[PDB]
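So the structure is just underneath, and the comments pick up after that.
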Amino acid sequence: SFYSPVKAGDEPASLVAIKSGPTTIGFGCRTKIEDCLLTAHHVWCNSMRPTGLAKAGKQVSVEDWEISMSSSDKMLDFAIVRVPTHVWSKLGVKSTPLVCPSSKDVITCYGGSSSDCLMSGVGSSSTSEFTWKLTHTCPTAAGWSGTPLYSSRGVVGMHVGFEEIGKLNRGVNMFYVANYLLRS
């Protein structure tokens, strides 16, 4: 009801699913921070090992790729991974820039329990006086961690969890993180 099905090929070109054997452990996007996969720390580092990247039924295995940066802070919860560029093209994944979030962004969020079985939510996203923090109303589920907060203007942030469970959700503002927190 709060969700619409999404046919493979109709999700954004940046969106990628993160698999651990049969299990989708979360989502991510291709972006620039150099060029990278951005997902949640708990998807990439605190779940069962990532073994593959999936997009629309297409699959590529995960090899010993470098984790450029990560934070296991509940409030940041990010992992920035250097995926060889051929893997991105094998999947047909196109980059998308991290745009600056605002007081109110209209957002779509995508997730599912398999690469080819995707659905979409809609909500709004808002910045905090705690600059690293976003809160949003996009309906998500278990396994939707690392999924980008897409606006018409672009990816404003990354979904990581809850603010209050089922009332208000939580993102990390990766724009602020990349500009003020991360060291080159």
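What is reported rests on the model, the rules as stated and the sources as named; these are not laboratory values. So basically every Cβ, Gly included, is an ideal-geometry build from the backbone, and we count neighbours across all protein chains shown.
Taken over segment 141-158, the criterion of being polar (S, T, N, Q) and either in the same structural domain as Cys45 (by CATH) or buried (at least 23 other Cβ atoms within 10 Å of the Cβ) (or both) is satisfied by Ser145, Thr147.
Is it true that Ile33 is surrounded by fewer than 22 Cβ atoms within 10 Å (Cβ to Cβ), β-branched (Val, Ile, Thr) and closer than 25 Å to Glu163 by Cβ? Spelling it out, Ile33 is indeed surrounded by fewer than 22 Cβ atoms within 10 Å (Cβ to Cβ), β-branched (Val, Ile, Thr) and closer than 25 Å to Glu163 by Cβ. Report, by residue number, each residue of segment 73-132 that is within 17 Å of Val172 (Cα to Cα) and of a type in the set (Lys, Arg). Passing the criteria: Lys74, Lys104. Here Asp105, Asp116 are screened, and the one residue that is among the charged types (D, E, K, R) and within 27 Å of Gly57 (Cβ to Cβ) is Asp116. Is there any pair linking a residue in segment 69-88 that is basic (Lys, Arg) to one that is surrounded by fewer than 19 Cβ atoms within 10 Å (Cβ to Cβ) and in a loop (DSSP other than H, G, I, E, B), with Cβ under 8 Å and at least six apart or on different chains, and which? Pairs found: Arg82/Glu34; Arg82/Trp65. Restricting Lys94, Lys74, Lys167, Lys104 to residues that are over 19 Å from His42 (Cβ atoms), exposed (fewer than 14 other Cβ atoms within 10 Å of the Cβ) and within 16 Å of the chain's Cα centre (by Cα) narrows the list to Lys94.
Of all the listed residues (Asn173, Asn179), the sole one being within 13 Å of the chain's Cα centre (by Cα) and among the polar types (S, T, N, Q) is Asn173.
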